[PDB]
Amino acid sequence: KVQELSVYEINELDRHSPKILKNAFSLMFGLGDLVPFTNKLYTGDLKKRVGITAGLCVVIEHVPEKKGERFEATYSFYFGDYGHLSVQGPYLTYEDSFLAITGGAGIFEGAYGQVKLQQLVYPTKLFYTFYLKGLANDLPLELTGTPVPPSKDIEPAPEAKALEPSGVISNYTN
């Protein structure tokens, strides 16, 4: 059985991210350029802070006909005491993509499948949908609420942004 899990990734500009390591000779992004990053992670219903994203984007090429970039990404999604999911695959600044779920830990031990990446604001807001197989149990209800409709206007609940107990999961990752 497949369990669907959606989350919002938001860059609130307070984690030094992204860091651009410019090694390609061009003013535009190119092969050689490396981009370590870490953003905040919220539930799909935007009610609770769950953790962070964390990893590395490797520039593969500039795509002038689409006015954007192709990256190859290696990173994880942290859900506090619930554990984490790890992924590998493409991030295209100009269109949606699917990444491979490489594994997980905690409640995500044994995870496999794929995840859809949808960019809403380049690069500060993204919406993910994980198609999770291999989990030992049903996902906890506080992670499976109906998602807010994805758009460039989405915002976390005020309590979540402010890190009030009602707006965070237990030991949310920071």
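Start at 1 and count along the sequence shown; that's the residue number. By rigid core we mean the largest C-alpha set that fits within 1.5 Å across both forms.
- The stretch that moves more in 6 other deposited structures of this protein, judged by CA deviation after a rigid core superposition and choosing between 9 to 17 and 146 to 154, is 146 to 154.
- In summary, of the stretches 24 to 32 and 124 to 132, 24 to 32 shows the greater Cα distance from the shown form in 6 other deposited structures of this protein, with structures fitted on the rigid core.
- Per-stretch averaging of Cα B factors for 136 to 144 and 105 to 113 places 136 to 144 on top.
- For the pair 2 to 10 and 165 to 173, the mean B factor over Cα atoms is greater in 165 to 173.
- Comparing the listed residues 44, 64, 32, 36, the entry records the largest Cα B-factor for 64.
- Looking at the C-alpha B-factors along this chain, the one for residue 26 belongs to the highest third.
- Remark: residue 149 belongs to the middle third of its chain, ranked by C-alpha B-factor as recorded.
- Sorting the modelled residues of the chain by their CA temperature factor places residue 81 in the highest third.
- Per-chain ranking of the deposited C-alpha B factor places residue 95 in the highest third.
- Sort the modelled residues of the chain by CA B factor and residue 130 lands in the middle third.
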